[PDB]
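Experimental structure and its sequence below.
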Amino acid sequence: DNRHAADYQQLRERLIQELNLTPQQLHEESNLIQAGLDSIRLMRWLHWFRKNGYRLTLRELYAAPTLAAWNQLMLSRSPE
Ligand SMILES: *P(=O)(O)OCC(C)(C)[C@@H](O)C(=O)NCCC(=O)NCCSC(=O)c1ccccc1O
């Protein structure tokens, strides 16, 4: 399978570090932009997973800010 999808696990955990909350109290079905998530965090994300060959632009992440959709945006997104 895609072993790099584990990068999502570190993603999920990483927001928690900045959000100062537990990985249980995060809403991946709700919008993460409802939490303390600015664009520098967001632009960081692109670059951060891009190193594993993840391809996505900025706006799909904004359109559906949910890890549920972001995981799709990671693995396939839609090529480039
Ligand atoms: P961030 O706010 O700095 O956003 C960085 C982007 C928008 C990707 C850059 O293009 C940029 O040069 N900075 C513009 C900063 C600014 O004034 N804010 C615009 C945000 S538009 C948007 O869709 C968005 C993105 C992320 C968080 C909140 C938000 O409203």
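That came through fine. Residues are numbered from 1 along each chain as shown.

State which one residue of this structure is found closest to the ligand.
Of all residues in the chain, residue 39 sits closest to the ligand, at 2.5 Å by C-beta to the nearest ligand atom. Just so you know, the C-beta spots here come from the backbone N, C-alpha and C atoms, and that holds for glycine as well.

That residue and residue 64: what is the separation?
16 Å (C-beta to C-beta, to the nearest Å).

how much space between the residue in the chain sticking out farthest from the centre and residue 75?
Centroid-distance maximum for the chain: residue 1 at 19.3 Å, with C-alpha atoms, centre = their mean. Distance from residue 1 to residue 75, counting by C-beta to C-beta: 10 Å.

and if you look at residue 4?
Distance of residue 4 to residue 75, given as C-beta to C-beta: 8 Å.

which neighbours do the two share?
Residues touching both residue 4 and residue 75 by C-beta atoms under 8 Å, 6 or more residues apart in numbering: residue 54.

more crowded one of those two?
residue 75 (19 against 14; other C-beta atoms under 10 Å).

That one: what's it in contact with?
2, 5, 54.

residue contacts, the last one?
By C-beta under 8 Å, 6+ apart, the residues touching residue 54 are 4, 7, 73, 74, 75, 77.

one more time with 10 Å
4-5, 7-8, 45-48, 70, 73-77 (C-beta atoms under 10 Å, 6 or more residues apart in numbering).

Could you verify my assumption that the residue of the chain closest to the ligand touches residue 58?
Yes. Taking contacts as C-beta atoms under 10 Å, residue 39 lies within contact range of residue 58: 8.4 Å.

Now the nearest residue to residue 22 once chain neighbours are set aside: phi and psi?
Setting aside the residues directly before and after it, residue 22 is nearest to residue 16 in space (C-beta to C-beta, 6 or more residues apart in numbering), at 6.7 Å. The phi/psi pair for residue 16 (degrees, to the nearest 10) reads phi -60, psi -30.
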